[PDB]
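Number of protein chains: 2
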Amino acid sequence: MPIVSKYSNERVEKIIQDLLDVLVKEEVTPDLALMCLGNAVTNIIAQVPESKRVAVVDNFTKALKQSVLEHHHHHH
Amino acid sequence: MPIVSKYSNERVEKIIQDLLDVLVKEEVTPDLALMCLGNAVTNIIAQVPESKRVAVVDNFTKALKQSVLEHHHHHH
């Protein structure tokens, strides 16, 4: 329900950017990016206790679909 | 196109490695990692045509939950 503000947003978006930098440094393809990122995500989720391990990945995948569909929400 | 993969698995792993190096040098938490990676993936899927955008994100998310449940032990 509430989006936790545990960390500085600047830092959050910066890390996102630095990750994108890696992807643009190699000029990776969409397929490649998804495959590399997917393994990175899974690695982190494996470090999360099993009790919530299935929950965190599901919420991840759920929210992922939410953000993708909101790109043409009220734009052309 | 005469492409079955194009990119070498060696490079694929190396990219994942570098992505990990990014996350490690930032000392990211599970919360932060998923939050940053989610936006990164979303931007990648935003480069994918809407004609297949829902397909790629669904297979991505599908493969994620597969990997999470599959990867308890290494594999071999």
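Chains B and A, in that order, give the protein sequences.
FYI, the entry's author numbering numbers position 58 of the first sequence as 58, with every residue one higher than the one before it.
FYI, the entry's author numbering numbers position 19 of the second sequence as 19, with every residue one higher than the one before it.
Even for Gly, the Cβ is constructed at its ideal location relative to N, Cα and C.
C-beta atoms of residue i and residue j nearer than 8 angstroms
i             : j             : result
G38 (chain B) : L32 (chain A) : no
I44 (chain B) : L69 (chain A) : no
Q66 (chain A) : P30 (chain B) : no
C36 (chain A) : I3 (chain B)  : no
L20 (chain A) : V22 (chain B) : no
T61 (chain B) : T61 (chain A) : yes
Residue range of the unbroken alpha helix (DSSP H) whose run includes residue i
i             : result
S5 (chain B)  : It is not in any alpha helix (DSSP H) - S5 (chain B) carries neither H nor E in the DSSP assignment.
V54 (chain B) : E50 to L69
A46 (chain B) : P30 to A46
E10 (chain A) : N9 to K25
C-beta neighbour in chain D for residue i, strict 8 angstroms
i             : result
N39 (chain B) : Looking for chain D here will not work: the only protein chains present are B and A.
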